[PDB]
Amino acid sequence: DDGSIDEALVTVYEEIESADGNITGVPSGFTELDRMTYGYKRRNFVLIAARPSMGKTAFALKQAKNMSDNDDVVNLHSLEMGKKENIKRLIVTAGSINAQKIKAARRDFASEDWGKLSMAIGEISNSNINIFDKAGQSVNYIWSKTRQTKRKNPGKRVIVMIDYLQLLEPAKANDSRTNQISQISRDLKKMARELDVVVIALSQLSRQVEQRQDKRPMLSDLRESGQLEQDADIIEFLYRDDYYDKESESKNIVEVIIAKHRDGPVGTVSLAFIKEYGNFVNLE
């Protein structure tokens, strides 16, 4: 294994001729974000960070299903929620069913929504969404499962989604908190690279965001982590203006703020958020 660039040099040039304007990598399914990125690349470590109530989980699951629809394979590592809980959200979003009606009282509170439910259960059943809901998971643990998934899926690009990074078991229990998050971050990127997968980690943000006038997240908000902004190729913040100002002129808009982009443009992408369904609508 020398450092020969010859075979890489030809594949790069080949990809340039193939560059017709369509999405190369794995699509998020949000048109205008895929325009900026051209899809997630087999090596990418992407971070979705937001304060509570900005739509983070809904947004990640939306993506998960959108990628599943390209027939890519999604491994969701959900440390916060059980599979049951993830699956109900997936159903609610897919079939445009209401969460309270479904929550219980589906046996009565539901109309002719059963065609939707069976349509929705059909789609989730024939999807490439895996869920790993064990409360305690290290990157090592996730490494193991990603390979295991790779082996069981031939030519398929795997996407590793982590329901929130700061819940992961750090490698060294006695390390400082910052060092633990630093290690988790390095290892997640190494895993993305070494196994050749997209890693998508959800991340919380400092509550200090909210004792600012303008509560749009910035890169400095990733305080308690440090390493996190350095390792990620893509960092998408979510901000929902009408959580903060109740007569915002941006009612029901979630903006995806691309705060870091290694191989491309930064900027903001707005989406219409359908609260009741945990769905997102592309804007022009």
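Residues numbered from 1 in each chain as written, not as in the entry; some residues may be left out. Heavy atoms only, no water.

Per the deposited record, X-ray crystallography is how this structure was determined, to a resolution of 2.35 Å.

Q: Pulling in residues and values, what's your account of the environment of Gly136?
A: As for its position among the elements, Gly136 is in the loop between β3 (129-132) and α8 (139-151). Spatially, the C-alpha atom of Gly136 lies 35 Å from that of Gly264, the residues being 128 residues apart in sequence. (Helix = DSSP H or I, 4+ residues; strand = E, 2+ residues; numbered from the N terminus.)

Q: Tell me about the sheet that holds β3, residues and numbers included.
A: Taken in spatial order, the nine strands make up an open sheet running β3-β2-β4-β5-β1-β6-β7-β8-β9, and their pairing is mixed. Among the strands making up the open sheet, the edge pair consists of β3 and β9 (279-282). On average, each strand axis in the sheet is tilted by 25° relative to the strand beside it, whichever way the strands run. Summarising the sheet, strand β2 (residues 73-78) and β3 pair through four bridges and their orientation is parallel. Bridge assignment links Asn75 to a residue of β3, and that residue is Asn130. Here helix α3 (residues 56-69) sits on the sheet in contact with β1 (45-49), β2, β3, β4 (158-163), β5 (198-203), β6 (234-240), β7 (253-261), β8 (267-274) and β9, set at roughly 165° to β5. Its contacts with the sheet place helix α4 (residues 83-94) against β2, β3 and β9, and it is angled at close to 150° to β3. (Pairing = 2+ DSSP bridges. Axes fitted to C-alpha atoms, helices over the stretch in contact; angles between N-to-C directions. Contact = heavy atoms within 4.5 Å.)

Q: How would you summarise the packing of α8 against helix α9 (residues 177-195) if you had to cite specific residues and measurements?
A: Orientation of α8 relative to α9, taken along the N-to-C sense of each, is 15°, at an axis distance of 10 Å. Considering their axes alone, α8 and α9 lie roughly parallel with respect to each other. In this structure, α8 meets α9 at a crossing whose hand is right-handed. Where α8 abuts α9, its residues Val139, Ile142, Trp143, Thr146, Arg147 and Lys150 lie against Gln183, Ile184, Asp187, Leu188, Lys190, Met191, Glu194 and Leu195. (Parallel < 35°, antiparallel > 145°, perpendicular 65-115°, else oblique. Left-handed = near helix turned anticlockwise from the far one by under 90°.)

Q: Give me the packing of aromatic side chains: which residues, what numbers.
A: Scanning the entire structure with this criterion turns up six aromatic pairs. Note on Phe30 and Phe59: the rings are 5.1 Å apart at their centroids and 10° apart in plane angle, and the pair reads as stacked. Of the two residues, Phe30 is situated in the loop between α1 (6-17) and α2 (31-37) and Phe59 in helix α3; the sequence distance between them amounts to 29 residues. Accessibility classification places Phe30 together with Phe59 in one group, the buried group. Taking the centre distance of 4.8 Å and the plane angle of 35° together, the rings of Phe273 and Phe280 count as tilted. Pair check on accessibility: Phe273 and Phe280 agree, each one buried. If you follow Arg106 out to its NZ or CZ, it ends over the ring of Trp114, 4.6 Å from the centre. (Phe/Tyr/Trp six-rings, centres within 6.5 Å; stacked < 30°, edge-to-face > 60°. Buried < 20%, exposed > 50% of the residue type's maximum accessible area, 1.4 Å probe, protein only. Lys NZ or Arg CZ within 6 Å of the ring centre and 35° of its normal.)

Q: Would you mind going over a positive patch on the surface in detail, with residue names and values included?
A: Together, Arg42, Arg147, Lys150, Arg151 and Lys152 give the surface a local cluster of positive charge. If you trace the backbone, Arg42 turns up in the loop between α2 and β1. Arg42 gets classed as partly exposed once you look at its relative accessible area, which sits at 39%. (Patch = residues over 30% accessible without salt bridge, like charges linked within 9 Å, V, L, I, M, F, W, Y side chains within 5 Å. Areas by Shrake-Rupley, 256 points an atom, 1.4 Å probe, with all protein chains shown as cover. Salt bridge = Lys/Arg side-chain N within 4 Å of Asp/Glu carboxyl O. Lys, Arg positive; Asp, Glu negative; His and termini not counted. Charge placed at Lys NZ, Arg CZ, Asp CG, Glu CD.)

Q: Mind laying out the packing of α4 against helix α7 (residues 114-125), listing which residues take part and the relevant values?
A: Running from amino to carboxyl end, α4 crosses α7 at an angle of 120°, the nearest separation of the two axes being 9 Å. Looking at the two axes, α4 sits oblique to α7. When the axes of α4 and α7 are compared, the crossing they make is right-handed. For the pair α4 and α7, contact is made by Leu90, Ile91 and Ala94 and by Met119, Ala120, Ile121 and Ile124, respectively.

Q: Outline α3, supporting the account with residue identities and numerical values.
A: Its 14 residues place the ends of α3 20 Å apart at the C-alpha level, agreeing with the 20 Å of an ideal helix rising 1.5 Å per residue. For α3, the tally of buried residues reaches twelve of 14 residues, placing the bulk of the element in the interior. Of the residues making up α3, those classed as buried are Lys56, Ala58, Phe59, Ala60, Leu61, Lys62, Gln63, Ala64, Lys65, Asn66, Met67 and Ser68. One or two steps after α3, the chain reaches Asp71, where phi turns positive at roughly 70°. (Expected span 1.5 Å × (residues − 1).)

Q: So, unusual backbone geometry: which residues are in play, and what are the values?
A: The phi angle at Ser96 is positive, at roughly 45°, despite the residue not being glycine. By the secondary structure assignment, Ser96 is in the loop between α4 and α5 (99-103). On the basis of relative accessible area, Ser96 is assigned to the partly exposed category, the value being 32%.

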